[PDB]
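To begin, one chain is listed below as structure tokens, in the form deposited in one PDB entry.
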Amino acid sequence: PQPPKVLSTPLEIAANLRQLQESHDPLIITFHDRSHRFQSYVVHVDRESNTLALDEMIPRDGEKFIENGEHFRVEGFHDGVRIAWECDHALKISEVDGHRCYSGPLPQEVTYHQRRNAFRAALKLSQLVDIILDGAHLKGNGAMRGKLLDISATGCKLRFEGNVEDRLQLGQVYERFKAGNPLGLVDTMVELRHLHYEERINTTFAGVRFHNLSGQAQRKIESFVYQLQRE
């Protein structure tokens, strides 16, 4: 679990906002009591002037709510961290070289949340590792063949052809998980944490957590994770 850090100083607040800016990290703007989510970007951060400017709404019609001076929440990711805050102040709509933006004071507080205990390295789609998901509590007939999509020191993301939801159970433990080269995992225990089926591409994705791993198994998983980002 663990809740997000609450950043409450102009120094920290501006530093994180500058990162969203310099990286052009997309923001999702949600207006109070309005379903639709709009997109923006941080385009100006000036701590001395206590000024923050957001990029023109997308869709453009959302600018209407800023004119209405409606309250909204803003959230964006930077290097895996969810940076979020509330804007309850009136913004000024400005236009520079045709590009418009909304500027106002820096938020008094910003939340900083990153929930994963270990970095997940994604595998190139052209180099997916073959895996087998199996165990005594697996429903249906036979072990399930699949592919490894991402992996961290603590778990991994798997891919299975077709819909396999009914053959699995959230929270269930599978003691016969295997992974081919270059991991060479055998008789590994994994616990299903999340899954969903995507009809459009007839694929079920699942997130599992490792359990009771030997040192050798850990060093092998961790060295792969390390190597995956080496490239």
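Numbers follow the displayed sequence, beginning with 1.
Another form, the form deposited in another entry, is not on view; read the next lines as being about it.
- When the chain is split into two rigid parts to describe its motion between this form and the one not shown, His78 and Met144 fall into separate parts.
- Three angstroms is the minimum change: in that other deposited form, the CA atoms of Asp150 and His113 sit farther apart than in this structure, by 3 Å or more.
- Expansion of the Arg120-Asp79 CA spacing by 3 Å or more is recorded in that other deposited form, set against this form.
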